[PDB]
Structures are given as C-alpha cells and as structure tokens.
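Single chain ahead, written as structure tokens, the form deposited in one PDB entry.
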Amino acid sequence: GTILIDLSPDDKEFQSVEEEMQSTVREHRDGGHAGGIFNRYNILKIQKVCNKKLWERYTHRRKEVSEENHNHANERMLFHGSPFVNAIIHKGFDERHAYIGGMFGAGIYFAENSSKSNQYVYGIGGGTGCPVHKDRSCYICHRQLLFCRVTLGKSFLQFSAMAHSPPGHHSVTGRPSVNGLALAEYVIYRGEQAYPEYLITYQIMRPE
C-alpha cells in the first residue's frame, strides 16, 4: 500500500524539511566514530511516504492519546535512523523496530538532532559502516533517514547525564543534562504512535 512521491527542490515542503535536517546537525561526543565526520549533508531526494492504512493506524492512536491528555496529542516531527527504514515505510513501526539496549528501555527512539539519527543508519553505533566500503564515515554511499510524525502525549521527563511507558505516560523524553548543545531524544513504546512521513536520501559531506 505504500507509495513514495518525490518532492521537487523548488517545493516549499522540500525546503522546510531540508532546513530541519541541516540545521539540527551537531558535534557528537564520539568525534564522528558512529556517524562520520561532517557539518552538513548533500540532500539527494526527499519523498513523501503515503500509506492510507498506516496513516489511519496513526490517527486512531493519536485520538486515543489526545483524549487521555486534555485533547493534546503533543505531536512532534522527529528523525529516525535505522537499517530497517525500508521495512518501516511498508509495514509501519512495531516491536521489531525497538532498541532493546537503549538508555530508556526497549522502545522506538527518535531524535531532534538529525545527526543523532544518522549514527544508527548502519546499525547500533554505526555498526560496521556502509555495506560497500565498511566505512562509518563514508562520503560516497547514499544514506536514508526518516522524518516522522510522533505522538508523545504525556511524556515522562528523564534528565540524562517492547517495554511499557512509565505508568500514566505515553512516551519518555530524554533531556540532555551534560552536553549543553544536544537536543532531546524521545521514546515511544507503541509503533502506532509514529507515522514515517518523509524519506530523506542523502550523503554526509566531508568538511573542506
């Protein structure tokens, strides 16, 4: 049921998505070990992901959460990186997309920083890097990230120096608590709480 519609670079939707990708790059504490060394991306393509069934699954859950939270879904647009992005766009998120060893328990993780999600495109800690060159900092191979609509509802705030949500909450927020420049990370424990809205194909760029 999934179709991918290419956005034109002249389209304001393309432009606002590219800006969120570019403007949320930061330096990482591993100096680029996991995701590579770069300050920006070369964006090759942005596709809209269209799946009626998966959309209806998202909006149904969004309505449940909202009615549990004074009519407030607390919906965000967040990045997700994974070796399985091509399964996600066809089948949606579910328990097999969870990060079992994540710092906030076995759930599905999303980032405000695009460069954080970039660290997981080739697997946990960047795995062994690109499949062609075995290079975590490959500047040639094409990478893909998702930019997703995510329902957080009432989020449990964890100050930070599938399982269940903490009782009375619909998600967990990982608040950066040492690195003053890092943006938040978020965890959901139900795959129906995210819809993978854009597929972004890119390369990381070598600093000049």
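So that there is no doubt, residue numbering starts at 1 and follows the sequence shown. In this text, the rigid core denotes the largest set of C-alpha atoms whose superposition between the two forms falls within 1.5 Å.
Another form, the form deposited in another entry, is not on view; read the next lines as being about it.
- Superposed on the rigid core, the two forms differ between the shown form and the other one by 2 Å or more at the C-alpha of one listed residue only; from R175, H142, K53, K63 that residue is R175.
- In the other entry, the CA atoms of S177 and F38 draw together by 3 angstroms or more relative to this form.
- Whereas the displayed form keeps them at a certain spacing, the CA atoms of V178 and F110 lie at least 3 angstroms closer in the other entry.
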